[PDB]
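Below is a structure I'd like to ask you about.
The letters A, B, C and D name the chains in turn, as written, and every chain counts its residues from 1.
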Amino acid sequence: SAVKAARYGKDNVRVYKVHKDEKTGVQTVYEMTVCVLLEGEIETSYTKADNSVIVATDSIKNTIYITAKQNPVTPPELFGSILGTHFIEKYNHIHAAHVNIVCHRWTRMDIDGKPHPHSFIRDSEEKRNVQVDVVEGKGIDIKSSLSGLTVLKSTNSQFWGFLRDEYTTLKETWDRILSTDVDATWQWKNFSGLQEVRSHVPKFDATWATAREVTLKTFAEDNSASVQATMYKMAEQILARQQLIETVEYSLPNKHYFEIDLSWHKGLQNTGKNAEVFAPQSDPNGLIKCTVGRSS
Amino acid sequence: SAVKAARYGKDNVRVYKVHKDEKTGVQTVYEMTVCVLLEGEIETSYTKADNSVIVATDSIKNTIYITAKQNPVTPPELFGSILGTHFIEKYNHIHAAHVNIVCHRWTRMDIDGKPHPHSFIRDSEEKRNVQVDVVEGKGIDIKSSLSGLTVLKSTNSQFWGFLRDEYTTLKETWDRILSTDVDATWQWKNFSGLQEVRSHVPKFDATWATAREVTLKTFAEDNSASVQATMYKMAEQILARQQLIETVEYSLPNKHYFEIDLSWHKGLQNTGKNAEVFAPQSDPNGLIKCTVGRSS
Amino acid sequence: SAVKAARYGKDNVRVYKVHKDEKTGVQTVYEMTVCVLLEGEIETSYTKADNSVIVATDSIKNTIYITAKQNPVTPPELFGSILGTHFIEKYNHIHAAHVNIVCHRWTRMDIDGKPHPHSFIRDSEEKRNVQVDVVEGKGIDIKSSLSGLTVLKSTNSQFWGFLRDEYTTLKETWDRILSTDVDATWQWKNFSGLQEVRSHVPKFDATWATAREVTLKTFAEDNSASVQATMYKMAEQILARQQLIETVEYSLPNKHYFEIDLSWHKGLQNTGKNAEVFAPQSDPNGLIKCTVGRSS
Amino acid sequence: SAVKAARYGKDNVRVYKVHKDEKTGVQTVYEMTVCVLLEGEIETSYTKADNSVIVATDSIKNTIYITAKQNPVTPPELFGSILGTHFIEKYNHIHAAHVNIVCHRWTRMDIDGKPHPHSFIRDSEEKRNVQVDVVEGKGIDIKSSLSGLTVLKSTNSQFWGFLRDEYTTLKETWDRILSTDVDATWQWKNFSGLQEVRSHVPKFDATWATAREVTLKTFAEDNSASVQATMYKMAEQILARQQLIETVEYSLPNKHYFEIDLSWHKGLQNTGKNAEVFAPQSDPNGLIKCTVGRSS
């Protein structure tokens, strides 16, 4: 027995930060949940009860608050990079910092057609996330993503031409409902360190916007041949609009809505072109995944 | 031993309905979760294993789909009334139908500044609900509500002047964060039956809008003296804008955001007027309730 | 507009307490989640921004910890009564205290066939709860319950003889699966105050045990004619074994397990007497309720 | 743009299976949730709308039921291997099958001290899982695990000697509460195919038992120097008791229970050796991970 891999830290650290413009009086809020796990020469904490190598997770928690107090918390890619870099620069024996950040939505309220200076609404459970891995001597690897974006289209979704054998019962369809929870991730080119990350700061919010916009427009306008075909179109467009991204990954559940045959009741017609009332299925659900990169 | 009270039925029935305009091609979707519990001369099903008095919950499920297929599913107040009335009119021994409906949000997508004809987004977990109790010989009682409306204001919330004794540690404040999940219910005047409910149909969507609008504006503009004082203002305004409502009830959690003293670290100032980074508290939470009616 | 009803306090207060026997070294842990809402002459806090009538919810939180420190936290019926009584005795303007307690399971671990002195396991999400309403001049009303007790029987459950009409599709069955999450509540005779509650302390744990035992044995041995018939048998037995209880209420979901016809695949037989593989249904679910009292 | 990676299938497929002994009348139930994702020459389904390469996820669902009907569903390692092998043997273009199975607990009820023939109870949310990856030409890789095993010890947990600097506030302790949700995984040596997996069937249940037993005993008896030190002891013991396992991985959250200083209230002593009432913390939580292998 020997330690082959190990990391530890503090998870689920909720953090809120407010910015107050003294000139305009407008306030802006940010809320996130942070997790920081460290790697390094810490094996002895596991094998010899040597806690001298342990930067207490409680201390990691304090550090998250302190860093948020002295640095911008947005874009999350930047905050994560600053936070991760701190650990590998401050502690000689810590060689990797793994920072995950989940950003919660606090959209400014519009009252009587005017943006309110200090009132916000949680419009959607959709999240914007980042996974920032700061590895000593190996720069900063960043994976940005949007998740929990739940959508549905009532038509212009099809699924036919699939393999049919003795295990097949699914009927081909040229008009079905398509609903999913979008989980899209774009992996950035490795960054040499904080300076390079900072040099590209504007691209983070811009690329998130691009990803979300491409996602929504493609979902709404593509007369889908399958979840697979539609998600690929999203990925290729995103790669074409941001050269600093290496790959785009999508994980999409096919949240099924089943037709309900009611012909047994007074010959009521509710299937095919007559389908109006459907039964949303909680489970099971198809799960379609794809990682798209640039061709050589 | 004897049955003092009893009701049974089907809960968590997911229902989706689509409307397709053949003229414009625009489609509109509706999704809800329905629960129908019946009351009546059914005691023998419990005491003598007499299932002859039982309208199978599976049949109640079928009835929900059938009713949704042959009637409008909006406003929910109407659908609930139609569904409830069906049970007490169809079965002589059933004297009460309790219908609960949770409406899920499927907001039409805007693509390139134009509303899309058949694509929707789940913008928020906020729900619009109704509890419709159809009692034979006693009309229809309806309670409408909005829930899961999560908001936050970064200032203009205060709390001072409260009772202070040996159990008190809370410091008075003239500037704090206020965040809550709004659960507001407006109880309608009893309706004599389906005809009367139908005669007031336009008022349901209109009153829901009023309640939501009053909620948001009051929350955003009231320099709150307490959750209690602010919620009362919301209630009185709603009662003043809809004569057919008898009471307005609010249940609001005070989702605390605690200041974080960081002065122990290099004299960092993060409290009082210097407070920027806060610790959102998952629990516990204050819970403030109030039912407001008209004065005599 | 006027306040018709109002209550406020602190919800979701997590509390852990440990007892350490200095003689044996054996430690025993207790964990619960408490909610205390107060009623009284507090209308002005809502109508006039008068916080002088408000016992801060933060103070209510402190009081919960203090009371747990100076009193037994079990049985929950007792702790709830002590806590509720404190508020109506300490504050002249507070006339009702509503205490809800959810008790979490921390069962002592058995290691090598011997009970461990200080290690515990969360065996099941099943909870033991109490709702204690202390009303000045009207004694103490207590509702005890067990919830989250999930069970399943693979046979000896039937359902036939139910009403059949044009809305019915359910096939009669003489052998089906029955699974539910038991929520059982026994309402105690009103107690005049703390002294009377204390005089009956042993009966609380004893009655909870009786309720759980009757529930499990009846569920396992009754060749069920319906959920209704089986739950009634449980209720009548509990009432017969504890004279101080006035009513017993059950709320049981019928968590359906559907047969899967596989005859389309190589004539595979998986229905009726050949049924082996089933599809558990997440939703919808039947919901059966009954409140049983003593006959006159 | 080109597909770099892709897999798809059906997730959250609930499955129940019952075994009925005609001789004794004793019935035994099994319930699980299955996910099967396939890999292979399917890129064209994403890039050219070529569904001919798609084995419908609905068909994958049917296959799960069929396989469960014609094969043992336990141990899960075996069922997963059989199911995964089916896909790569049946479809020439499918080269990998990824099978995840979550086993739910249905423990036989004991009534009056006797095991009941057909009644079960969900004793704990603890799960037994497997991840079976069947790769054509590369055998079968299996990762077995237990998760959701929630435990707590009230003493014999310590944490001192950790790094202390300007970010540290945590006080050293020689007596604290330790609670966690155990997630333990043991990775098996690669198996050449179904025959080899079948040849080791008895070892699966035996090793799961060993892992659970070592986990519970070590947690209860180790006067813990840290979560790190205690989890390592568990891992090394498991590796020493099953030669066919290559690594053991633990992921443990440190679910904090904070002391509550009540000295501000009548000098009440509730800290240090006087600590009785604690505040369980929902978040944040430490997260400690380690993968232990055999030394060379």
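Going forward, a residue touches a chain if its C-beta (ideal position, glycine included) is under 8 Å from a C-beta of that chain, and two chains touch if they have at least 3 such contacts.
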{"item": "Reference interface C-D: repeating pair among A-B, A-D or B-C with over half of contacts shared", "value": "A-B"}
{"item": "Averaged-CA centre spacing for the pair chain C and chain B, given as whole angstrom", "value": "25"}
{"item": "CA centroid of chain A to CA centroid of chain B, Å", "value": "30"}
{"item": "Geometric centre distance via CA averages, chain C-chain A, whole Å", "value": "38"}
{"item": "Touching two or more other chains - residues of chain D", "value": "14, 62, 66, 167, 169, 265, 282-283"}
{"item": "Touch-based graph of the chains, sorted into line, ring, star, complete or other", "value": "complete"}
{"item": "Contacting chain pairs - touch in the sense defined above", "value": "A-B, A-C, A-D, B-C, B-D, C-D"}
{"item": "Residue ranges of chain D touching chain C (in the complex, touch as defined)", "value": "14-20, 27, 29, 31, 62, 65-66, 68-70, 106, 109, 111-112, 116, 118-125, 149-156, 177, 216-217, 219-221, 257, 260, 262, 265, 268, 270, 275-280, 282"}
{"item": "Chain B to chain D touching residues, read off their complex", "value": "166-167, 169, 264-266, 282-283"}
{"item": "Chain A partner contacts - residues on chain D that touch it in the complex", "value": "1-14, 35, 37, 42, 45-59, 61-63, 66, 91, 159-163, 165, 167-170, 225-229, 231-232, 235-236, 239-240, 247, 249, 253-254, 283-295"}
